[PDB]
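Shown next, in structure tokens, is the structure this report addresses.
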Amino acid sequence: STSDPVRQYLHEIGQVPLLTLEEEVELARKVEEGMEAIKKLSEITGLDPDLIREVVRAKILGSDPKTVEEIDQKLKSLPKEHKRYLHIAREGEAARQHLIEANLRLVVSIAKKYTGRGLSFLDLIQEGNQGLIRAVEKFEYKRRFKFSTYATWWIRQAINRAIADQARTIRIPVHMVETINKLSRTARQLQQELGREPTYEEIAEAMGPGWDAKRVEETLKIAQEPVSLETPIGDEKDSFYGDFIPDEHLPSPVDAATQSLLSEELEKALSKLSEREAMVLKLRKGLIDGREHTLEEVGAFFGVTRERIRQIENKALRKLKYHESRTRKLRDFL
Amino acid sequence: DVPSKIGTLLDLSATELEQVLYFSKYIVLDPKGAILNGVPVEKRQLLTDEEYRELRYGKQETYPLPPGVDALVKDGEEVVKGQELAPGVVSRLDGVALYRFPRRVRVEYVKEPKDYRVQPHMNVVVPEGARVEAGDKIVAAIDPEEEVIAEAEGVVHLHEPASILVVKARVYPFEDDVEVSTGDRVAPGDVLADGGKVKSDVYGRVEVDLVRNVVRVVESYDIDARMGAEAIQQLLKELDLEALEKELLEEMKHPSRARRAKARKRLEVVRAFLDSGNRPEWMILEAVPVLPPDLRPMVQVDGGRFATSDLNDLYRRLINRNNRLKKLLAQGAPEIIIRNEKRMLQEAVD
DNA sequence: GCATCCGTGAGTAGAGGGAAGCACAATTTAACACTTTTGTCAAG
DNA sequence: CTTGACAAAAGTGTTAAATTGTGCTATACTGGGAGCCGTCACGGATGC
């Protein structure tokens, strides 16, 4: 018992009897009148219409709480003519709660047709419940249409949007998700007519104007889902995908040792230069603080122009070239 | 992890703990003077959803009348358990019986048993046995063409109700503006409607009948009961480890071996918390830590496809359900929808 | 006692394996026209 | 060491094109589906 969350939810919603046609009309009328009374109260009292509905909703639900009591007492201090709109607002809020509770069976019937598309059954039901709440606010009973006629549009829309937003590890925009679904549906129809898997050219032509084979292949590459690192490989359960993927981010011991050898040999060659010549190259190349320094900031640090540093920076470079050619001690590092 | 650490401190069995944690039964934190089945409700008492609803919202029932037949009772007339409200249905509780939807309104004009057929898209705006001034509306309608008004003064009588609602409540007619509104909770002696002239004599929830010019107080209690880890967390916060240790030490003096063995196991957990300095309420989570991303990588491979760990999917489920509960709470969703979301959030953490 | 629940069971290697559309509003991206930089060729 | 004086490069501002996010649709429709025993055998702890 209680091991099935789906069974537990179905039992709870079955304890609310279904509404008759007479009962549905009364609830819809009460909600609409209550919303109008809230608008009337705000105009007279000057407060935010959004804030007033929260105070009424808080009292009905029961159980900033400090200001909720303060605002409520001001409403109750109105005269009898204005206190009547308070009564209508309270009744309208209670009717909205009862109207939503009696239509929970409708969402379950709709939500069972969307399973197997990336979301669990309970997740589909909860997303559908959000659409049901929206339909209550926008429903109009003057048109003499039944509630299920208008609420079905909102319940289906909420489930569809949730799938396009939460069913993929790498989220794709809704406009591109629709394109992917159309592309797959078109390919299936061509496959059963051609008797074989269609090519990219055939899919592109049937897709419509503005589509070529290059765009078809690019869309298919986008629609690829990542693979799990814990996917078992082989019958014995000891090997997984992650056991074959090397790490390319951290430097290897061989690469780390080459950097150290190059640095110690480079600084050894710099000692053959003058004290001022070495400092210019070490700053104009960025061997201190990691940042290259232009002829201006170098000039600012040493108090000289930029044309002067240009010559001495080049002069020190040419002396290094002559030394290297006579020993061949710095060539293997390139 | 058998034996449960939370259950040992709170003296709750494994069956009881699962029922509260996964939203199956309520647990009492404040009885507020509630009586169930003639026995006062105690703290730490487990209530079913049916029992909780009776204590919190009262008892009432509706009986659908067959088409054409007419009830033998009047509006606002008290009935007893087993009394035949209609020839086709019998009542199951005592209370005030009120008409729900009169399918035919028989207005008695004074100049006259005129018969009016009321469509489901129409509502009656006057009460039974009431004086209606000439020109006032009697039955409202969506279309003004089919709207019915009062030709002259008379007494309006309701006939052929769609159903009869029997609610165990007390009716207090009011003369002036009511000092309370629908949804409030009152206690005996409180000023109810007419600034102290009319006062309630029983606990209950008050709803205002504007058309009937009466105030109804449905007998109920403002009991404090909660489900989930929220109710367990408060119980752990109120625990006094020093006081509990002394009580268990005295029970250790029982000559029976079974009681001594039971008291020793509980005292071992109590002593462990006292020595270490941890708090019992820390066993319930408020903030969930997140592993560093490099330990749950999403990396590209020699080709172009991506590979990722299963922990990323488990983190995505928890975030999606946590964000949906925030939106549901802001919209004032009913408790049934909220309770399902909370149960799903607990399972996502597991 | 006797019912219910829960964690445990050798090592290394290989080798295959691996299901709507639309309109409209915000929001980001790319192209392009000036404009200050900053290295430079030539003197002095 | 310095001044001049370009010439390409880097930097900035505006703006149209592309992409992304959000709301809505009115006959009536109101409690899921899948599974199926060589169900692994044996101690240890716990509840009653």
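Hydrogens, waters and symmetry mates are skipped; everything else that's a heavy atom, side chains included, is used. Note on naming: letters A, B, ... go to the chains in the order of the sequence lines (proteins, then strands), and numbering restarts at 1 for each one.
When the P atom of C:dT36 is taken as reference, atom CD of A:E296 falls 15 Å away, rounded to whole Å. Between the P atom of C:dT38 and the CZ atom of A:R284 lies a distance of 10 Å, rounded to the nearest Å. If you take NZ of A:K112 and P of C:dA19, they are 16 Å apart, rounded to a whole angstrom.
Residues from residues 159-172 of chain A with heavy atoms under 4.0 angstrom of DNA chain D, sorted by number: A:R161, A:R171. Near DNA chain D, defined here as any heavy-atom distance below 4.0 Å, the residues from residues 121-136 of chain A are A:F121, A:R134, listed numerically. If you check residues 12-31 of chain A against DNA chain D, the residues with a heavy atom closer than 4.0 Å are A:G14, A:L18, listed by number.
Annotation: D:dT19 and C:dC24 have their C1' atoms spaced 14 Å apart (nearest Å). For the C1' atoms, the distance from D:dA10 to C:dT37 is 7 Å, rounded to whole Å.
Among residues two or more places apart in sequence or in another chain, the ring-ring contact (aromatic ring centres under 6.0 Å, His included) test is passed with A:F147 by A:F139. By the ring-ring contact (aromatic ring centres under 6.0 Å, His included) test, A:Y114 is found to be paired with no residue, residues two or more places apart in sequence or in another chain being considered.
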Would you tabulate the pairs of protein nitrogen or oxygen atoms and nucleotide nitrogen or oxygen atoms of nucleotides 41-43 of chain C closer than 3.5 angstrom?
residue: C:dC41; atom: OP2; partner: A:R310; partner atom: NH2; Å: 3.0
residue: C:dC41; atom: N4; partner: A:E307; partner atom: OE1; Å: 3.0

Identify all pairs in which a protein N or O lies below 3.5 Å from an N or O of nucleotides 12-14 of chain C, and state each distance.
residue: C:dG14; atom: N1; partner: A:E236; partner atom: OE2; Å: 3.3

Using the 3.5 Å cut-off, write out each protein N or O paired with an N or O of nucleotides 16-18 of chain C and the distance between them.
residue: C:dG18; atom: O4'; partner: A:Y241; partner atom: OH; Å: 2.7

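The pairing partner recorded for D:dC37 is none, the criterion being a Watson-Crick or G-U wobble arrangement whose two distances lie under 3.5 angstrom.
On the nucleic acid side, DNA chain D has its first and last nucleotide under 4.0 Å of a heavy atom of chain A at D:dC1 to D:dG33, going 5' to 3'.
Each of A:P173 and A:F145 has a nearest nucleotide on DNA chain D; the 5'-most of these lies closest to A:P173.
Remark: DNA chain C takes part in the stems C:1-9 with D:40-48, C:20-23 with D:22-25, C:27-34 with D:11-18, C:36-39 with D:6-9, C:41-44 with D:1-4, each of 3 or more antiparallel Watson-Crick or G-U pairs, criterion distances under 3.5 Å.
Among residue pairs with one or both ends in residues 211-220 of chain A, none qualify as salt bridge (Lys or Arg N to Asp or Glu O under 4.0 Å); sequence neighbours excluded.
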Without placing hydrogens or testing angles, list every side-chain donor-acceptor pair under 3.5 Å for residues 127-136 of chain A, not counting sequence neighbours.
residue: A:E127; atom: OE1; partner: A:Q130; partner atom: NE2; Å: 3.3
residue: A:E127; atom: OE2; partner: B:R324; partner atom: NE; Å: 2.6
residue: A:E127; atom: OE2; partner: B:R324; partner atom: NH2; Å: 3.4
residue: A:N129; atom: ND2; partner: A:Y9; partner atom: OH; Å: 3.4
residue: A:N129; atom: ND2; partner: A:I125; partner atom: O; Å: 3.3
residue: A:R134; atom: NH1; partner: A:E137; partner atom: OE1; Å: 2.4

